[PDB]
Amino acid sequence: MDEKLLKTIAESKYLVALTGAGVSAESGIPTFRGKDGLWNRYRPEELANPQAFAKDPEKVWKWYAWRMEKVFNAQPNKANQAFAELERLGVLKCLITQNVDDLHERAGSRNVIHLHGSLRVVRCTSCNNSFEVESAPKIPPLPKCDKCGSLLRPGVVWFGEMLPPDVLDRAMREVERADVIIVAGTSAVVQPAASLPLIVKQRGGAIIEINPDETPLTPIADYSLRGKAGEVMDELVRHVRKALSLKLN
């Protein structure tokens, strides 16, 4: 929270952000890793991969329907509001997220890229039918496609699956032109998402990491703020808004 940091953000020409589960934590949604992380209680090998889904689609669907209900009923937090505001001010150009929740959207964020899909989306395992839901389905019975009758599945990316090419490519273009990237609430271990901030640095840009813990990205982060996204982003955006308002124009 020094002058240089504020300056780096306020004067940026193309600032982007990469967010992870930590940015939704203050909305009552647990993260995947860490203390009370979902992967520390539930096994990703049974709930986050095509093999597990094929083996027991009812169990996987029951788990996702539960997660969907949790997310749809949660409200965006201060971190979410701050990111939307930073975009409103014209500073944040694009928000790249690994989150499958829609808290960024409900806070007002517009240019959001969902690298790993979205819990709002349901798609067919056979044909190209896909659509969004307003609330979570009840399981059983297994959600079936109204077009061909095959099993439907959550529109999220599982381990071993390829992120949609057009989606990752868009994110790639964003980080290739960003001079500053805010990396908040992510453990920086899951690929290829974890590689995006490196692009910014390699091309000459700056990395501003926001996370209560240190991660594999910390060593190359120009700035690494040890705190919660809500508190840090709220203060950061407020100072940036103040700085911009002070400009003689």
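Counting begins at 1, following the sequence as shown.
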item	value
74-82 set against 124-132, stretch whose average Cα temperature factor tops the other in the entry	124-132
Higher-scoring stretch by recorded Cα B factor average, 105-113 or 146-154	146-154
Top Cα B factor in the deposited entry, candidates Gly185, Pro216, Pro192, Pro44	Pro44
Residue of maximum C-alpha B factor among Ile139, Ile96, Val175, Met162, per deposited coordinates	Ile139
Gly230 - Cα temperature factor, lowest/middle/highest third of chain	middle
For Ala10, the third of its chain into which the C-alpha B factor falls	highest
CA B-factor ranking of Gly204, expressed as a third of its chain	middle
Modelled-residue ranking by C-alpha temperature factor, third containing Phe53	highest
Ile29, C-alpha B-factor rank within chain (lowest, middle or highest third)	highest
